[PDB]
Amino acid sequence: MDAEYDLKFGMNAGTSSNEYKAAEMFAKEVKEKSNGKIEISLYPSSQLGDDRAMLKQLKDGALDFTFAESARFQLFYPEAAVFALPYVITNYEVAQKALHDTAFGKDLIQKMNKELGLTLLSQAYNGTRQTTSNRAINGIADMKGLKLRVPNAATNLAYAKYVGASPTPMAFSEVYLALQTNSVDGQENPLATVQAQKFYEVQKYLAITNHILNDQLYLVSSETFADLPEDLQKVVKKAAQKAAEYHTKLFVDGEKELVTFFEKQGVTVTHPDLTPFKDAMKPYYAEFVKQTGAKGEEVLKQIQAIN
């Protein structure tokens, strides 16, 4: 009657987040549908490290499940930065097809398993990133000199650089206190994350910059997964796909309602003209291609071929 597999799921997201809620549904489904044989415990709030660290732990066996964006694999395969080049992926359906229907995406999935020890269970939408700050962003000119926190990720650094801001990389866990103490001026994250982390308590302004679309991959250690029998492998996979659908809904539904939530909290929302933002990224696309060469040019081609 005790569990036969005691598995662990680590995440940066906190206990108020859509990601945690969907992870909870995943653990419930797996426990139910395995008839008790699998129990998944959750380790949120970066208590095990950030997402780079948890990825390594899945490879080493010490952690069984985690989340990652397609774009995070730019750390290992630099052309994979295409997923997060600002304004390139314009909606979630493209993000699905970029990963699953392109030669490059399909090859990335195989390398994740053979080289990184990761098996992909499902993909979700994790929102489109927006920009909060302690002063109004009425146009790109207001970004100049803004001390903008970004995650430890080259594409986020590059958004900040190319719009004129002063980037400050730092881990997710440290942002609330950095905004509270105004050691940084702003940050950038999907709207649902601004809510979950209560960044609206320490940011008076929100700008709809739509600059980077985030997905979320449900990952399992390939070692852990291969040790499960085939019928429990199917359980885990079906549970991951159900959870991912719920995960996407949480974020889609929130993007219809969260701007007015923040206005009720007294945040001032702006909708700057995005053509100068998009223009400001054209040099960055040029530099991506210079750095990644033939490979980067081909992934950009495969992604443009998606309607």
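In case it trips you up, residue 1 is the first one in the sequence shown, and so on.
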For this session: State which stretch shows the higher mean Cα B factor in the entry: 29-37 or 251-259.
Result: 29-37
For this session: Taking the mean of the C-alpha B-factors per stretch from the entry, tell me the winner out of 201-209 and 222-230.
Result: 222-230
Problem set entry | Per the PDB entry, maximal CA B factor within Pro86, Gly164, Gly186, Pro190 | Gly164
Seminar exercise, completed: Entry record, C-alpha B-factors for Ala136, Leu148, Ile109, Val194; the maximum is at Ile109
For this session: Give the position of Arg72 by CA B-factor within its chain, expressed as the lowest, middle or highest third.
Result: middle
Exercise. Against its chain's modelled residues, does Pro44's Cα B factor rank lowest, middle or highest third?
Worked result: lowest
For this session: Taking the values exactly as deposited, rank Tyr125 by C-alpha B-factor within its chain and report the matching third: lowest, middle or highest.
Result: lowest
Exercise. Would the CA B-factor of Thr131 place it in the lowest, middle or highest third of its chain?
Worked result: lowest
Exercise. Should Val289 be placed in the lowest, middle or highest third of its chain by the C-alpha B factor in the entry?
Worked result: highest
